[PDB]
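Shown next as structure tokens: one chain only, the form deposited in one PDB entry.
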């Protein structure tokens, strides 16, 4: 029950020691205890934890990467935060600050004047230069020389000014102290404010630290990696990298990550911020930043689905990966590199493989275990693209993937030029029971297509979540028919299926499906959740079944959100959510390529090819809905609707977000950690 903490100095070792003693006093026998292993450096502590000689050490971002690499394979487990519990700020954001008075993008930096905090600083040098590496002219070695040849002039504090003079065209001499006015965070900023340089590579917070008034800050903007600009306020959507400030790492396997938390949590309570002046966890009597940044205001537990590559982020790992590997391509900078599609079944992999060979090597294939695994691969660049249902388009979005192409199902002449935006989830109720409004559904009897279905379960219950009486979903409706629920619950009490099929999600239920939940509506039921065209396709004599023959539209109204009621064909204005189509998701940086390659690919192997036995076609599966839903006719370009929030209804988002409170996703919880 003891955690072996690793110190990298003598001063640190001492702090660890009194950290042991002070935690020895307050904590009872059945409490965590601290041990103090002492090594020579951060690298040694890393190898020690790997060799199972120590348990935990707290690293900067650069070392977090080093730690995860073979043969160490360490992972982040506990993080320092630097604000309050509502504003944690466990991360910082390397930004590129510019005048609003200028007009140029990230990809137009070549030939501009730059301002760096200092050579070797992550935010002010490593990150930017790492991202810009391939855009620098050959030779890239040495780096200082290359960066000199990229910017017309620079202030790079702590550069070989005598060898690379241009790196100090803005601050002559390359002063690496506060005597150079263009040095550090405040200095790199003043380098911009004074109009000496065109761009300042700094932290998101730098601008707030140097300009108090929102008036002056508005004279500045941010360079986003997609070659757009945004106000200084929205760094969260316009940064060069998101960097974990200080992180605790342990073994990826057998790390005792729970003990570290159990310890560190009970430490920050007894000796956290403004706690005991007997011993400060975030203050050193013997130096500064011993074991932990004195900045820190506490700890947070890192969700367990988090690997190091996920925690640092694509951009961060790319920056340092370039600096180390230094391997740029040589292929025409115009032509799209192949798109790595992610498969999650054997049959998915097979179909993908065939696609790849006919794609003349323009499509590639990557296997992953689950959907959540495939999404992770997209995130960190192991894969490029995949098609997701609304539920996953949401999770991918929370992780910062973007919808680019919608699966079109309706035969449209120019469907390539029009997204669908899906059908409409409606709550239908007869005009008979006439005092029914959205509000007084509490304790009413209901009729769902099936539990886990979008229009039938997800959307309605998702929105009813605010008043759902806890994750107990059977408590809301006195009784109902939710095919798939446990065969003993209140939501199986209306399902008229004889024998084994009494509450089973299949045809033999009779009160299952869109058409079924509607029979459930009439045959013992108050309310039913279906699609917008379920009423018109079952009434008017469209359905010749015993119960359905003689039903008419005029009888059934649709329930609205605002509490009002409306006719059926007024669904457009009286709907719950806009149950969406499946959509191809990808990284923002590969948005351009996915669009083209997939447009060309659906031309060759699209819905427009017959003789699918002698020629490959993309929208036919061997089994069922491999890679894409087989109902797809084309892939619609998502102009405008190319964020998760903008592709899914604001209501769909609210609903799915609510349901995800009862059914956790380890990926989602990890992604929401980086983006709260």
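Note that the rigid core is defined as the largest set of C-alphas that superpose within 1.5 Å between two forms. Residue numbers count along the first chain shown, from 1.
As for the form deposited in another entry, it is not shown, yet the points below apply to it.
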{"query": "Of 203, 75, 587, 453, the one whose Cα moves 2 Å or more between this form and the one not shown after core superposition", "finding": "453"}
{"query": "Rigid core superposed: residue 265 CA moves 2 Å or more between this form and the one not shown", "finding": "no"}
{"query": "CA of residue 247, rigid core aligned, shift of 2 Å or more between this form and the one not shown", "finding": "no"}
{"query": "Residue 566 C-alpha shift between this form and the one not shown of 2 Å or more, rigid core reference", "finding": "yes"}
{"query": "Change in CA distance between residue 300 and residue 465 in that other deposited form, which is 3 Å or more, as closer or farther", "finding": "farther"}
{"query": "Sense of the change in Cα distance from residue 86 to residue 400 in that other deposited form - at least 3 Å versus the shown form", "finding": "farther"}
